[PDB]
Amino acid sequence: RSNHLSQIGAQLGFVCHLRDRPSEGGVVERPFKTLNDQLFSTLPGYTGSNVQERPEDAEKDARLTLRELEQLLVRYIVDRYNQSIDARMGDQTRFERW
DNA sequence: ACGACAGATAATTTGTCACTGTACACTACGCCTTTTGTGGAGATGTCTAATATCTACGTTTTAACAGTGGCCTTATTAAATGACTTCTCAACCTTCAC
């Protein structure tokens, strides 16, 4: 909702639209669930989905730096997620529907 | 009889795929307590050499004067002066002169 982004809206020509309730966001809410499950849960510093599920070893053996976590996340997107099938088309990857 | 040949047959697991329950909805390493060894003043206590003071130690110097020691010749006679001492301090009578 910032001024700065609205300045970008004017300068690049997109219109900012607000989400009504969180569910309408699901196209971006859900990929956090997808990416948590398929990536972060496998990495040493995993922290669980909630305080009530927080695994106590997370701060005992956190071992990545962000110059590695970037590479992990970028590889996951570009070599897998881009080529993954779009869940309700089936005909083509996520990349080819773009 | 039982059980013993090769093969039937009711399981057992392997693999498909329509279905659904769920998280994504950002929202723990952070709030609070206690101990604790290290550290900064800052009042207070510690305790000396030393440069005197502060008389005395007594020790020199003076002059005053006291005592020792040397020298100093001694006689006679005269004079002047001053003194001392001693002695003395009669009295009636006779005779011849105017």
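Chain letters run A, B, ... following the sequence lines, proteins first and then strands; every chain starts at 1.
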- Message: What I want to check is whether the side chains of A:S84 and A:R80 have a donor and an acceptor closer together than 3.5 Å.
- Response: no
- Would you please say whether a donor-acceptor pair under 3.5 Å links the side chains of A:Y46 and A:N36? yes
Heavy-atom side-chain proximity of [X] to [Y] below 4.5 angstrom:
{"X": "A:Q11", "Y": "A:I8", "result": "no"}
{"X": "A:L64", "Y": "A:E70", "result": "no"}
{"X": "A:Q83", "Y": "A:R94", "result": "no"}

- If the sugar-phosphate is the primed atoms plus P, OP1 and OP2 and the base is the rest, what is the B/S/- string for nucleotides 23-30 of chain B, using protein heavy atoms under 4.0 Å? BBBB-BB-
Sugar geometry class by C1'-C2'-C3'-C4' for [N]:
{"N": "B:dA49", "value": "south"}
{"N": "B:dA25", "value": "south"}
{"N": "B:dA56", "value": "north"}
{"N": "B:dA66", "value": "south"}
{"N": "B:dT85", "value": "north"}

- Looking only at atom P, what distance separates B:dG67 and B:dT62, rounded to whole Å? 25 Å
- Got a donor-acceptor contact below 3.5 angstrom from the A:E53 side chain to the A:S49 backbone? yes
- Item | is_stacked(B:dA18, B:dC19) at 5.5 Å centroid, 30° plane limits | yes
